[PDB]
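These notes are about the structure you will find just below.
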Amino acid sequence: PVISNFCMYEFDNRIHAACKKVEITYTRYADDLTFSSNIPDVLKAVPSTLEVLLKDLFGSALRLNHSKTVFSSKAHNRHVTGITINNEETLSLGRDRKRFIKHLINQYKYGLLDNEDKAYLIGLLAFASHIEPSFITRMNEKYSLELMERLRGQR
DNA sequence: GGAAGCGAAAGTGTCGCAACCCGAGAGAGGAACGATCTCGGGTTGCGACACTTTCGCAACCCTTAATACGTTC
């Protein structure tokens, strides 16, 4: 991981410098170049810049995945490295995952959830609390506070 | 990267069919010699197709991993 991060330091620096001028923010989770902006029709030229910079730096060793270049807007689904971005411009787990978690908690309510699924639900709830703290409050309201407290356990 | 099988893709040879040629022959006419149409090989050109070569998909995962629960690369 650290070698991979260092080998892309110059690429990250040059891409960030180019993107800040055109009001584009750039992040990379070591394989996922994410570019976003509020200016329309500004992200069209980003892939060409990426290709020319990669050819300048790494030659033919590192290449973009052209089948993995996706344009998205508020008209469609928007998720970055697993976190859905809402039309309200806030982080979310996605409606489908939230309904799955709700079903898991409902199954735990009637005692139809086994130990493996219970541990999976506890891990998912911790991840949700990290990502969507308001979802925990909503589940506390919907499924009562005592049920949630017994599900997460006590120290 | 690439077993083992197998099939795609492209190139090359081959082989049968058509088209024609050329000599032999029975004998039309009409009064003889041999016109004319056919029989039997033989040659050549051509194109469909079989055969030949190369490439590429992707087993396994090497001695050599860790094992609370969840996302991400």
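Note: hydrogens, waters and symmetry copies are ignored here, and every other heavy atom, side chains too, is used. Proteins come first, then strands; the chains are lettered A, B, ... in the order of their sequence lines, and each starts at number 1.
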Check whether the six-membered base rings of B:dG27 and B:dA28 have centres under 5.5 Å apart and planes under 30 degrees from each other. no
Mark yes when both conditions hold for B:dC60 and B:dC61 (six-membered ring centres under 5.5 angstrom, interplanar angle under 30 degrees), and no otherwise. yes
Same-atom distance ([atom1]) from [N] to [M], integer angstrom:
{"N": "B:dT64", "M": "B:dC69", "atom1": "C1'", "result": "29 Å"}
{"N": "B:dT52", "M": "B:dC60", "atom1": "P", "result": "34 Å"}
{"N": "B:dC6", "M": "B:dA58", "atom1": "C1'", "result": "13 Å"}
{"N": "B:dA26", "M": "B:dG34", "atom1": "P", "result": "16 Å"}
{"N": "B:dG29", "M": "B:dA35", "atom1": "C1'", "result": "8 Å"}
{"N": "B:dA8", "M": "B:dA65", "atom1": "P", "result": "44 Å"}

Which sugar class, north or south, is indicated for [N] by the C1'-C2'-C3'-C4' dihedral?
{"N": "B:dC60", "result": "north"}
{"N": "B:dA59", "result": "north"}
{"N": "B:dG11", "result": "south"}
{"N": "B:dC46", "result": "south"}
{"N": "B:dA65", "result": "north"}

Complementary nucleotide for [N] - Watson-Crick or wobble, under 3.5 Å:
{"N": "B:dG5", "result": "none"}
{"N": "B:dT72", "result": "none"}
{"N": "B:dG30", "result": "none"}

Taking syn as any angle within 90 degrees of 0 and anti as the rest, which one fits [N]?
{"N": "B:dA48", "result": "anti"}
{"N": "B:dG5", "result": "syn"}
{"N": "B:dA8", "result": "anti"}
{"N": "B:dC20", "result": "anti"}

Checking side-chain polar atoms at under 3.5 Å, does A:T84 have a donor or acceptor matched by the opposite partner on A:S92? no
Is it possible for you to say whether A:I39 and A:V46 belong to one hydrophobic cluster, with membership spreading through side-chain heavy-atom contacts below 4.5 Å? yes
Would [N] and [M] count as a Watson-Crick or G-U wobble pair, both distances under 3.5 angstrom?
{"N": "B:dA48", "M": "B:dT54", "result": "no"}
{"N": "B:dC61", "M": "B:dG41", "result": "no"}
{"N": "B:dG47", "M": "B:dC55", "result": "no"}
{"N": "B:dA24", "M": "B:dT38", "result": "yes"}

Can you label the angle between the A:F11 ring and the A:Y26 ring as parallel, tilted or perpendicular, going by 30° and 60°? perpendicular
Under 4.0 angstrom, heavy atoms only, what part of the nucleic acid is A:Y120 near: base, sugar-phosphate, or nothing?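 Touches sugar-phosphate only.
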Using a heavy-atom cut-off of 4.0 Å across all strands, would you classify A:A126 as base, sugar-phosphate, or nothing? nothing
With a 4.0 Å cut-off on N to O distance, would you call A:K55 and A:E51 a salt bridge? no
Heavy-atom check, side chain of A:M148 versus side chain of A:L125, under 4.5 Å: yes
More than 12 heavy atoms of other groups within 6.0 Å of A:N13 CG: yes
Counting side-chain heavy atoms from CB outward, which of B:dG70, B:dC69, B:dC73 is closest to A:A119?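 Selected nucleotide: B:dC69.
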